[PDB]
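Listed next as structure tokens is one chain, alone, in the form deposited in one PDB entry.
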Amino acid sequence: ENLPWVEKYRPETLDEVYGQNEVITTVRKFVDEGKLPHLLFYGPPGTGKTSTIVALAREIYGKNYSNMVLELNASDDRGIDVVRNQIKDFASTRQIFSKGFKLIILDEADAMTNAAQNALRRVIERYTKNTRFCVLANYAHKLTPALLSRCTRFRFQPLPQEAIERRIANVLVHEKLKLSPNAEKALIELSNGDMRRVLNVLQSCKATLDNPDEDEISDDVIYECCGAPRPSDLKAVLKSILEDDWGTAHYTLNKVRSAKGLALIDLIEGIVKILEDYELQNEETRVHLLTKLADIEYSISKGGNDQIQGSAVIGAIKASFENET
């Protein structure tokens, strides 16, 4: 059937989750003992927060997943009643013959309101003995300490390189796709530990591949599909600023941004990442470069004119590096 790869390669079992080893064993410890506290999963998106709880719920409930798991999203239509009424009806109504803990999965609860979070905490407190609550949110600082102190916190760290590489191998040898090692690395660095990014990019690469059975995806296809700046383009701008004339540096700055649709904020972040890998002779060079570029980036967000902001970036890099020379 026609289905996205995100909805196709979801972990049905807890063994299919990669990159979250510490969370998986502790979660797998809770089921085997039988003691399961209220769960609070948070971290960067696409790290497998929903996949982990669904796999655990399927592992425990077996075929009773449909009648014992109720999934809620705070972002859709959910009033102060609709938040609680479906929860309170599911908690109050019991199957009698099924005395196991009923699980309620709350997705994107960071967008929930202050009083609703406090109301949810009292709802959780009321049904501790017969109901278990799982809360998912993107950011921990958006959650009140009243709700934080009730549910155990499990931070989902971004997926490492090894976790992405293993799942990449599964996709290629199953969907009949070939990935060059250079393109694989470029996708990994750009992914930033987000398998939702990885699966969607690979899906689009196959769609744009007119001959998927024989064409090998390279660096240019990945960068153009995702709209990310290539390292060569960033390196070309950096070397033009460092060792060329002011007029030529301005020419290369405007040409690269116009020919690739690259904003100055992305240019500054990429330059900082590239310059991080070089041993600057003087310590004050790094201090001035980081301080000046941060002020430029802050002023860009306020809505300044492009030409002056672009020249400030060239001046900051040129003046910082002359100090070490």
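C-alpha atoms forming the largest set that superposes within 1.5 Å between two forms make up the rigid core. In this text, residue numbers run from 1 along the sequence as written.
In what follows, reference is made to the form deposited in another entry, a form of this protein that is not presented.
- The comparison between this form and the one not shown, aligned on the rigid core, picks out a single residue among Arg230, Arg197, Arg121, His250 whose CA moves by 2 Å or more, and that residue is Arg121.
- The gap between the Cα atoms of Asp194 and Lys142 is smaller in the other entry, by no less than 3 Å, than in this form.
- CA of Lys142 to CA of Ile265: closer by 3 Å or more in the other entry than in the shown form.
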